[PDB]
Amino acid sequence: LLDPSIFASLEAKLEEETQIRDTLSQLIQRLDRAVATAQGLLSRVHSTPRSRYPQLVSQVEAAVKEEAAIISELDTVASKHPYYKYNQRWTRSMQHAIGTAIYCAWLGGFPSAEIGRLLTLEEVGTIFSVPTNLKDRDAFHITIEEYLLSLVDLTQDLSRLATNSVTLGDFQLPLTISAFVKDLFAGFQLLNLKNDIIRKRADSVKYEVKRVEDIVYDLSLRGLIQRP
Amino acid sequence: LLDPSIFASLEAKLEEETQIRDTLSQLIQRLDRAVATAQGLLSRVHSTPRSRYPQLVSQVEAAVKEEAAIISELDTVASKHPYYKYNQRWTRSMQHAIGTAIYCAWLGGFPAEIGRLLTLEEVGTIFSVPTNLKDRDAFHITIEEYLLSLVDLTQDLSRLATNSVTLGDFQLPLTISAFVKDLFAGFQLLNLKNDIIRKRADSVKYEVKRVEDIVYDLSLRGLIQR
Amino acid sequence: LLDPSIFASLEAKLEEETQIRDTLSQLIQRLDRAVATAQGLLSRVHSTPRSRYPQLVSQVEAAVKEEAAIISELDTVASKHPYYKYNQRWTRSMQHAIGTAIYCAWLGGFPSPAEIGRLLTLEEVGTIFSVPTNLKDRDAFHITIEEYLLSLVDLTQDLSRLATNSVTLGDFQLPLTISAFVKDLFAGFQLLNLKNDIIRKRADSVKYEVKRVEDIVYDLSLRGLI
Amino acid sequence: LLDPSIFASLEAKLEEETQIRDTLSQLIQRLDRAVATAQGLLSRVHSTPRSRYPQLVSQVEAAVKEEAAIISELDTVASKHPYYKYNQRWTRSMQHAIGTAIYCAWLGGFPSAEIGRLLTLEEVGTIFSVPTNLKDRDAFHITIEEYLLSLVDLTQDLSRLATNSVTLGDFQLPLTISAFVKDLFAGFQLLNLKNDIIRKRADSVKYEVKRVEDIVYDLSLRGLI
Amino acid sequence: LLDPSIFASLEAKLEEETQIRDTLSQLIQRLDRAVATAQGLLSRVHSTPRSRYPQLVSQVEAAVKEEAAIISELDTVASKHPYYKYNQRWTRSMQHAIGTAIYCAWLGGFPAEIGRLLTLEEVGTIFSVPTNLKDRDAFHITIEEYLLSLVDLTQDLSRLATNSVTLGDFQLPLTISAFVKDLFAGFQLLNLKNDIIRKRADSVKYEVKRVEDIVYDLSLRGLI
Amino acid sequence: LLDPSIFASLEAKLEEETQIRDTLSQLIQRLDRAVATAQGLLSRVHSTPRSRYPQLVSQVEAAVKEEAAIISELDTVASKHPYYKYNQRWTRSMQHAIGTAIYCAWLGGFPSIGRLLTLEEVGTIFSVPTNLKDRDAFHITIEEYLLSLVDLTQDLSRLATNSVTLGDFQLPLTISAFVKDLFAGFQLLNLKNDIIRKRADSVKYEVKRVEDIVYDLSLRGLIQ
Amino acid sequence: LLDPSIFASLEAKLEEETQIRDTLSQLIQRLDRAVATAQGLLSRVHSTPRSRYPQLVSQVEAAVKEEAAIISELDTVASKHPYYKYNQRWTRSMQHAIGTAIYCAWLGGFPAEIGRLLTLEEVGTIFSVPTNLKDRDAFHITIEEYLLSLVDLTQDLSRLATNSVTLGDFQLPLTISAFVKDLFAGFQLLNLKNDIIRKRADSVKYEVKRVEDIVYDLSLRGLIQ
Amino acid sequence: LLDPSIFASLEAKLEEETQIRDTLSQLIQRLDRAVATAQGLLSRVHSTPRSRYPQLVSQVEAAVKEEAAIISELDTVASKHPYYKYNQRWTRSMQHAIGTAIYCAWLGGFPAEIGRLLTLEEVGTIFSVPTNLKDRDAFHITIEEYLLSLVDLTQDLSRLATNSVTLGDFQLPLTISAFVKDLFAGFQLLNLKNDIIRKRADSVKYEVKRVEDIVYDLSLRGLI
């Protein structure tokens, strides 16, 4: 006939897989709402003068910490199972959380308000209390890829921020945004990435580079920037 | 602004992943050629009489054994890296090799009895690899690979039943009917979450119908024990 | 700026819908396991002589009754929420359950050895499962005419398979009963006007089963077995 | 042999479904034509100065009222059958009518003029004399999803309005449009939109946000505000 | 600005389109019901001996005549508008009705000599509609409909031969074999250009093989 | 067999249909070449100042008249066989010719910048009926007219871009007004046919393009 | 500006490429028409008894030879230019020509041994062109073309077996079954790496099953032993 | 039964092609890294004044020279095999390398004479490889690769002009405009037939428009 364990152990495997999937779904939805909260808080930068950045940043610093709470729980649960089995379920949410943290620090938060600071991957790992993929460890961690993708998203956010900065009267913030996005695009081009998805999304930074360079061009043409 | 350690770590990770993927590709290709050899040897069953089975079986056994050799190397490599990071590269080839081994044993190999069904553990014994590992990250054979190989074997056995009636062996379709019916019963009684495996299991119904119609034809002519 | 009631009502809707979906999912999975048990039990008819039908039927009856247990629970839950908002989640399982009950009664079960060839009315199926049938003026969990007719379309295929295997088992009379049944059912389907092109296509698909059973009876008549 | 009651019940069911399909279809056609009239009336805002808005608004108001009339029939019909059995057929048309009403009120219409007013779902239900968010009763009603989708479409209309305002010499209207679309996008991102279709539309709102922000940027660059 | 006559003409055009669709759709529904009745009456030939053929034939004839009634009405409507604008709506139903008529005639109807093949002209006579209108735009019956109905009739007759052996009529399969063979010969000689009708006429080879296999079964058993 | 009449009638039908196809295809190819001539002449509006518009117009007019001639021949052939059996062959080319005529009149041609020929005026220019009902003959449809208008909007958007390039800042304003009003009419039309509805909603991209051109011009003070 | 030599060389390259296109296309058109002639000749095997196989075979042997003539000219032309620059233009036509040749020899042509499979070398002999040319750039026939033509041959032989049963030849389907079975076994032994070729070679499974079912039905009804 | 020579030749073919693919892949990866380094160096031109161009150019020159060091190796390997069998694997990387070389020379490298356009033969000399090879199968540089690198260079130079206005250099946009305009004139005079090359060459019009708008702004401010 057919040893019943063939269809029984399979059923037990699917049982436990579905249970872990549901637990991870709950965790990921909570993290997603925390990240949405931090993103909504960061959205206020588009109508907040630089002078009132310290008030916003602190608030964002709270929301990010909230994320690091849920992530912590995730770190436990996800570490009870292989990483490469259940990754690609949290990688997008973790990338967005990393993005909120990096945006917060760029606005003068999580110091270790200096606008323009780039958190290293290790600094993001410290803020979220999780290891990084700079080494291999076979546990729950954040990846270099998540970090780079979060940076790619940050460049689009920063292009929008420069456009709105010209509206708010801040004519110097577009210049630092331009320097940041230019240097990030240079690094992305020098990384020579193999994964076609991340290589494509990093090449897509050229549009943001052009947009911020055009903003600086416009400000220079009107004498609103003291460039050489 | 991007840290140099990111550049260095990404370069090293690319070197390592390229080397691992090259080794896995050459191993998987060697396994696929061995599996193709065993499959071509097994395909002769469609023109080989039952009396001449023990010859072919031995010839297939050797072929299967060859597979195992390559598999034993794959293990040694694959077990040094996370299983779920690279498993999707060999799962199809491992499934095909499991299928060749099960087909060989069904024809009387790896012990006389025509219709013997290797369990997952016997397959792992033949290939010298663990089966159904959970809390241990190492190269292994999955339940899913085994069941998919069985789904393929039912189609192979339907073809074999047709060719058997052509060759004059009227009792072999009865064995094939028993096997395919029991496999379909086991599949249907336990609805798999995986809807792709469920689709493949519904695909066994057609082979059940084919073999049952062969048995019907043979019964109408009094060629089968009732 | 949006009213905070938007955010509040959306989160409340999401929580409630998630709860209802989880409850209905577990109920439907239990019902599917019960229907699978009854279907496997009925599958034994392909290897059971008519003389040993009253035994099988009893088991199937028990199996069917187990379905009616879970269905009960389903009703209690599904009737608390709008029918047409969630009916697409259980309609296939309910169709399969209706099918198992109708098949059981065709083999001699659920009367009001036994008589082969009885067709349960939709009302009788509802009586068996203790659920309303064809509810037009009440939002409550019920069984639809479409589910019943689709289960009948499935029954014609199951019965064609049964006739083939009956000839295999030596029962040359059961194919005739099945031929009469399938032909009368196809006639009733032809007289039925079905707006829904899916139901109309599935009802036209009964022509292949009619042809197969007529071919079986032809084969038996040619050989002087009828 | 099938029971004759099955034939009879199936025939009766099919006749009823045909009745309801025809009635709902003629009602939805008439509502869609009223919506098209109100939409064409609203389209004049791209060529009308702010000073002449009260003339257009009233004309739009009447048109919206016309919509309500047809809706009041739809309600009466649609409430006689289960909501979730036929709601798929009018949800887009009802969303469009809600959108015309919200656009009219944004332009100063349906008061209790103030440019930029956002009708609540309850106010839309009041204008159309149908309930909203009827999460506990089987009757024709208006859903939060229809309202949010109409707002998504309103942002796309308002971006064009701001562009044409700069053409028409109105440099103060793009600013209010920018504030409105920005706050609506912020509310969209903060929402528990698990329905992926609504989530994709609320994400597509980003392009309109960028367009209006670029308009305000262009006005700031030239020292016009 | 667009002319108001465009809006008015479009509105009136669409109203008339909808009205013609509704009238047609209901007429096609009634024709489909009549064709289903005649088809179910004909299906009794699988459980009726040759001796009881006349009875059944009459029952089918009336049914066919019922079709004609509806078809007449269809004509009255369909001829008022361009044929080629709406022909795709009734072509399958008319093909089925022609098939029922030809089947009734094959069983000894509309003159009990079994195996009469109505050509296009007697079909048009039975349904009181023109056939193959070349340079006339009225509701008519096409050669394609006729040939497609004949292709369907071959499969029906293969089923009839299979069931005739069950009923004991060992001679009717011979007549059916001759008929299906000659019809397949005519089809192969037609050399149809459009691919659908050519494919459906080539599919007659399977029915030819089925009836020939019935005949060979009967010959092996001396039943012939 | 079946009937040799079937063979003969089918071969005659095939021969006649092939002859009609070939003559119609020759006519449509000639019409397409004439439409290409008119289109190339109209393309010069992207490189011609408004002061030099009359001459071009006259030339374009001649081209359109050429079209009419071929269309006349088409009208003579197509009217011998049923419309709705061959109209799919020429509907696209006729839509393009209508578009060229409407474009010409928009530039000032066929009188008695910015004029919209009514469907009846297009029919007058090409000497063919429009919106023909209750009569089978070659004619021009409302759908062809509206599709030609859809094409004209895109061509006019390109014209506005190239007018900004040439230094003509006033013509983009007229193009904007025209495309705005045409899109408003299109939206009020409620085209049931999904093809025409999709292609008429595709006008929103052209509306946005011309409105953005006017936005750029007004920001620069080049207009207001 | 841009160097004039760039213009001159690009004009010359475009002219030469166009002339090569025209020559290759006329040669390919003639070869395609000859292949179609041979294919129509071979299709008559579905209605030709074995007793009259020599006739047809000779008629095919001429047709194939005609193909070779055209191919000869192609060779010459195609050998002047790089092979891999223009090979994708004739590879399908060469595949079909090889197919007609192999079908001819299977019926008893180019030595009545029905079932003979020509080697690639024998195909090259028939068409007077090299096969599997490595480390030399000249017009040649490839292994992949030969194997693809073999797949097509199986698809034709299935139909031949069906029509042989219809004609009354019960012994030809057995030979077709043996041939197609062994060919599928060889295909599976090859482990073709190129994805399109492996897909087309696994598509032979269906033809194998069709012919095997024909043989099953024939043996069941006591027609073949 | 298939000939064993088929199996043998296919296995040998596969082994040889695998080795060639792997060698070409390592060579192309090293070339891509070198081109990425040279491109990152060149990107500094958007923050470097003209006064400090010779400092950058030198750094770029070495970079480009490093590319050549890899290309030679590629040249040695690829030339052992048919060109057109494997050219698609390296054509893009070679086009990018040619782009970096032409950009370096445009900035005053490989002779500060700003605006120099390397001929195809000069690029071949820099990379020590043939150009436009006819009548010999050897690794070489194509006219298509050169022109496509030029198409990319126009986008790079439009970005450079935008940043040049910001850095204060009001004369470099003028020379960039002259260069891009002459390149577009040549592309239009080329009448390319390959749809890919013709499309990519017509895409230069956007860059022409951008640099001409820059020059227009500068002239409106009296900086020209």
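The record lists X-ray crystallography as the method behind this PDB entry and 3.20 Å as its resolution.

Draft legend 1. Region of the structure containing helix α5 (residues 121-128) of chain D. Residues and elements named next belong to chain D. Of the positions making up α5, those classed as buried are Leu121, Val124, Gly125 and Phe128. Looking straight down α5, one finds its buried side chains confined to an arc of 100°; they lie on one side. For α5, exposure combined with an orientation more than 90 degrees from the buried face picks out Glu122 and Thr126. Residues of α5 that are buried make contact with α2 (53-78), α4 (91-106) and α6 (144-167).

Draft legend 2. Spotlight on the pattern of salt bridges. Applying the stated criterion to the full structure yields 99 salt bridges over all chains. The partner of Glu17(A) in a salt bridge is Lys13(A), and the shortest N-O contact between them spans 2.6 Å. With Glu17(A) and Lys13(A) both in helix α1 (residues 4-43), this residue pair falls four residues apart, about one helical turn. Across the salt bridge formed by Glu213(A) and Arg159(H), the nearest N and O atoms sit 2.9 Å from each other. Within this pair, whereas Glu213(A) is found in helix α9 (residues 205-221), its partner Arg159(H) is found in helix α5 (residues 143-167), the two belonging to separate chains. Under the relative-accessibility criterion, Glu213(A) is labelled buried at 1%. Shared partners join several salt bridges into a network, and the residues in it are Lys13(A), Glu17(A), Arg21(A) and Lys85(A).

Draft legend 3. Focus on the interface of chain C and chain D. Listed by partner, the interface residues are 30 residues for chain C and 32 residues for chain D. Summing both partners gives a buried area of about 2,900 Å² for chain C against chain D, and 72% of it is carried by carbon and sulfur. The largest per-residue losses of area from chain C upon contact with chain D belong to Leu2(C), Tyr84(C) and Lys195(C), which jointly make up 20% of the total buried on that side. Between the two partners, chain C and chain D, sit one salt bridge.

Draft legend 4. Expanded view of the nonpolar core. All names here are of chain A. Counting 81 residues, the largest nonpolar core has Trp90, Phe128, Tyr147 and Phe188 as its most contacted members. The element that contributes the greatest number of residues to this core is helix α2 (residues 53-78), accounting for twelve residues. When residues of this core are assigned to domains, at least three map to each of domain 1 (1-142) and domain 2 (147-228). Apart from residues no more than four positions distant in its own chain, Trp90 is found in contact with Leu24, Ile28, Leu74, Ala78, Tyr83, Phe140 and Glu146.

Draft legend 5. Representation of the packing of helix α7 (residues 172-190) of chain E against helix α1 (residues 4-43) of chain F. Contact geometry of α7(E) with α1(F) gives a least axis separation of 10 Å together with a crossing angle of 20°. Judged by the angle between their axes, α7(E) and α1(F) are roughly parallel. Along this stretch, α7(E) crosses α1(F), giving a crossing that reads as right-handed. Of the residues in α1(F), those touching α7(E) at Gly186(E), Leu189(E) and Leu190(E) are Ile6(F), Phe7(F) and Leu10(F). For the contact of α7(E) with α1(F), the residue count by class is five nonpolar, one polar and no charged.

Draft legend 6. Region of the structure containing the packing of aromatic side chains. Under the criterion given, the structure shown has 32 aromatic pairs over all chains. Centroid distance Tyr83(A) to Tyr84(A): 5.2 Å. Interplanar angle 85°. Geometry classified as edge-to-face. According to the relative accessible area criterion, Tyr83(A) is buried, its value standing at 8%. Ring centres 5.8 Å apart and planes at 70° place the aromatic pair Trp106(E) and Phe179(E) in the edge-to-face group. With respect to burial, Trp106(E) and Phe179(E) carry one shared label: buried. Each residue in the set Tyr83(A), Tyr84(A), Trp90(A) and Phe140(A) is aromatic and connected to the rest through ring pairs, giving one cluster. For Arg210(B), the ring lying beneath its charged end belongs to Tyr216(G), and the centroid distance is 5.2 Å. Lying over the aromatic face of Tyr205(F), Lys204(F) brings its terminal NZ or CZ to 4.1 Å of the ring centre.

Draft legend 7. Up close: the packing of helix α6 (residues 145-169) of chain C against helix α8 (residues 197-204) of chain C. Residues and elements named next belong to chain C. Closest axis-to-axis distance for the α6/α8 pair is 9 Å, and the angle between their directions is 25°. Considered as vectors, α6 and α8 are oriented roughly parallel to each other. Pair α6 / α8 crosses with left-handed handedness. Each of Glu146, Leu150, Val153, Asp154 and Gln157 in α6 lies in contact with α8, whose residues at this interface are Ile199, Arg202 and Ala203. Within the contact of α6 with α8, the residues separate by chemical class into four nonpolar, one polar and three charged.

Draft legend 8. Molecular detail of a nonpolar patch on the surface. A contiguous nonpolar surface patch, about 230 Å² in accessible area, is contributed by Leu175(D), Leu224(D) and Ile225(D). Relative to the helices and strands, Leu175(D) is located in helix α7 (residues 173-189).

Criteria and thresholds
Each chain has its residues counted from 1 in the order its sequence is written, and this count may differ from the entry's own numbering; any residue lacking coordinates is left out. To label them, take the chains in the order written and letter them from A, then take the ligands in the order written and number them from 1. The side-chain values count all of the structure's non-hydrogen atoms but skip hydrogen atoms and water molecules. Residues with missing side-chain atoms are left out of burial classes, side-chain pairs and their counts. Only protein chains enter the accessibility calculation, which uses a 1.4 Å probe; a residue is then buried when its area is under 20% of its type maximum, exposed when over 50%, and partly exposed in between. The secondary structure listing takes helices from DSSP runs of H or I that are at least 4 residues long and strands from runs of E that are at least 2 residues long, numbered from the N terminus. Picture the helix axis, draw a direction to every C-beta atom, and the arc is the one those directions span. Residue contacts are counted whenever heavy atoms from the two residues lie within 4.5 Å of one another. Each salt bridge in this description consists of a side-chain nitrogen of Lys or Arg and a carboxyl oxygen of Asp or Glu lying within 4 Å of one another. The term buried area denotes the loss of accessible surface (1.4 Å probe radius) that occurs when two parts are joined, taken as the sum for both partners. Throughout this description, the term nonpolar core refers to a set of buried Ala, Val, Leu, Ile, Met, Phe, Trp, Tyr and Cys residues connected via side-chain atoms within 4.5 Å. Segmentation into domains, and thus their bounds, comes from an automatic or database assignment. Here an angle of 0 to 180 degrees is reported between the N-to-C directions of two axes, which are lines fitted to C-alpha atoms, with helices fitted over the stretch in contact. What sets the label is the angle itself: under 35 degrees gives roughly parallel, over 145 gives roughly antiparallel, 65 to 115 gives roughly perpendicular, and the rest give oblique. The handedness criterion is simple: a crossing whose near helix is rotated anticlockwise from the far helix by less than a right angle is left-handed, and one whose near helix is rotated clockwise is right-handed. Here the term charged refers only to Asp, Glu, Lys and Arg, the term nonpolar to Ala, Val, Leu, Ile, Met, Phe, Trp, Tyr, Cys and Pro, and the term polar to all other amino acids, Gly among them. The criterion for an aromatic pair is that two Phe, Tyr or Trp rings (for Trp, the six-membered ring) have centres within 6.5 Å, with stacked assigned to planes under 30 degrees apart, edge-to-face to planes over 60 apart and tilted to the rest. The criterion is that NZ of a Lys, or CZ of an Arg, lies within 6 Å of the ring centre and within 35 degrees of the ring normal, and then a charge sits over that ring. Residues form patches when they are more than 30% accessible in relative terms and have no salt bridge. Like charges link within 9 Å. Nonpolar side chains (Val, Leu, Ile, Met, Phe, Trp, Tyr) link within 5 Å. Method for areas: the Shrake-Rupley scheme with a 1.4 Å probe, in which residue coverage is limited to the protein chains shown.

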